[PDB]
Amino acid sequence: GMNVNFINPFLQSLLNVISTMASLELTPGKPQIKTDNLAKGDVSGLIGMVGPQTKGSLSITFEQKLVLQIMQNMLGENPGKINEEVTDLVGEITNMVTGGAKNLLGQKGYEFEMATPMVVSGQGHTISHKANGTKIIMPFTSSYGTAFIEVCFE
């Protein structure tokens, strides 16, 4: 029965990357215990986490127009489609979100190590976390479209 606040370090870290490094204001929704298969996107960064008394999963999902605007702002270009350069950037965003969360959570005595990012590319795909634990999801909105973070820990 995990505290919904476990998503906060991930939220803060994503807002750090996107709002400052990408100068793009994402407006977060309210963290929800997941109850829909409705968090569709076009490219997603996925990573596992393993700790002494923990294991889990993080996904960060973006609509195409949003991730392309993020790439424009961060790197000064974008190829107008999801390609390898886009998936590489999503991988790096995933590492920085997870890493910042690791730092913030470590300061609070929660230890984990991240695995390595996998990036999913596909129109309108969804992610389902299969850990036996609480699934916490939150939307983010911009005029460019929507993103979602989902975390799950056993």
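Throughout, we count residues from 1 along the sequence that is shown.
Stretch comparison (31-39 versus 119-127) by mean CA B-factor in the PDB entry places 31-39 on top. Remark: stretch with higher mean C-alpha B factor among 130-138 and 16-24 is 16-24. When the C-alpha B factors of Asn103, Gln64, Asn95, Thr54 are read from the deposited coordinates, the top value falls at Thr54. Among the modelled residues of its chain, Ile7 has a C-alpha B-factor that falls in the lowest third, as given in the PDB entry.
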